[PDB]
Amino acid sequence: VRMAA
Amino acid sequence: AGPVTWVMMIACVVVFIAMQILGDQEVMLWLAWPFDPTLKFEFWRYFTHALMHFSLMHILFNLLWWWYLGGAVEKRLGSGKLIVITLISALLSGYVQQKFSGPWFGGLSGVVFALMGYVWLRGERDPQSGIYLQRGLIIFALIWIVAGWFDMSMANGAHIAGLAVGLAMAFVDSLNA
């Protein structure tokens with residue numbers, strides 16, 4: 001999963 | 001102070017608490033961008049992705065930026081302005097992140113990137129609004145985007161789509177001014 005950050 | 005600034009910091013903390021009790025995945029199943037067209041009518045998901053954080057440094061880093069910049073917009077341009085920036089940027093940065101890398105992303109830095117974009121441009125084209133972004137921060141912002149291109153594991157489409165949204169709105173608002 002990708003963090004907005 | 002700022003009612004729309006604090007309500008969002010409390011939402012993000014409430015949801016972070018739940019992710020610690022139930023686990024990340026359990027919250028993700030319910031709050032993430034729809035992963036299946038059949039779920040497209042679960043409207044909350046288009047916004048709720050923005051409340052989810054994955055570490056303590058993730059939430060703290062984000063809430064700090066949200067407080068500094070969000071509080072400034074609310075203070076000078078009102079609660080309604082910060083609501084509209086938040087809703088439009090969260091929806092569109094979500095939409096672009098989902099296309100780039102699918103629906104498993106979360107965090108507030110899509111809204112944050114739109115705030116960085118709005119506060120900077122608005123401060124250059126309408127200085128009288130009483131908000132601005134310092135040069136030292138427009139450099140940290142730009143290093144932050146490009147350090148995501150070359151990798152951590154950031155939502156790069158969220159970052160670029162947010163930035164774009166906030167420039168656009170600040171431009172439109174610096175005509176009507």
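Below, each value reflects all heavy atoms present in this structure, side chains not excepted, and no hydrogens, waters or symmetry copies. In what follows, every chain begins at residue 1, and chains take the letters A, B, ... in the order their sequences are listed.
Classification of the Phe140(B)-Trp144(B) ring pair by plane angle, with boundaries at 30° and 60°, yields tilted. In this structure, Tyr46(B) and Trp33(B) have perpendicular ring planes: the angle between them is above 60°, well past the 30° mark.
Contacts classified as side chain to side chain donor-acceptor pair (under 3.5 Å) and involving residues 80-92 of chain B (residues at least two apart or in different chains) are given here: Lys81(B)-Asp173(B).
Contact of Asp24(B) with chain A is not made at all, since no heavy-atom distance falls under 4.5 Å. Contacts of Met52(B) with chain A are absent, with no heavy-atom separation under 4.5 Å from either backbone or side chain.
Within a 6.0 Å sphere centred on CD of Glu42(B), other residues, nucleotides and ligands contribute more than 12 heavy atoms. The 12-atom threshold is not exceeded at CD1 of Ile143(B), counting heavy atoms of other residues, nucleotides or ligands nearer than 6.0 Å.
Less than 6.0 angstrom separates the ring centroid of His159(B) from the ring centroid of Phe113(B).
Note that the NE2 atom of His49(B) and the CE atom of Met28(B) stand 14.0 Å from one another [nearest 0.5 Å]. In this structure, the separation between CG on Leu31(B) and OG1 on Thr48(B) is 4.5 Å, given to the nearest 0.5 Å.
Ranked by heavy-atom pairs under 4.5 Å with chain A, the list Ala158(B), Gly110(B), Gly107(B), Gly106(B) is led by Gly106(B). When each of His53(B), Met152(B), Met154(B) is scored by its heavy-atom pairs under 4.5 Å with chain A, the top score falls to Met154(B).
Residues of residues 92-103 of chain B that come closer than 4.5 Å to chain A, counting heavy atoms only, are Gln97(B), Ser101(B), ordered by residue number.
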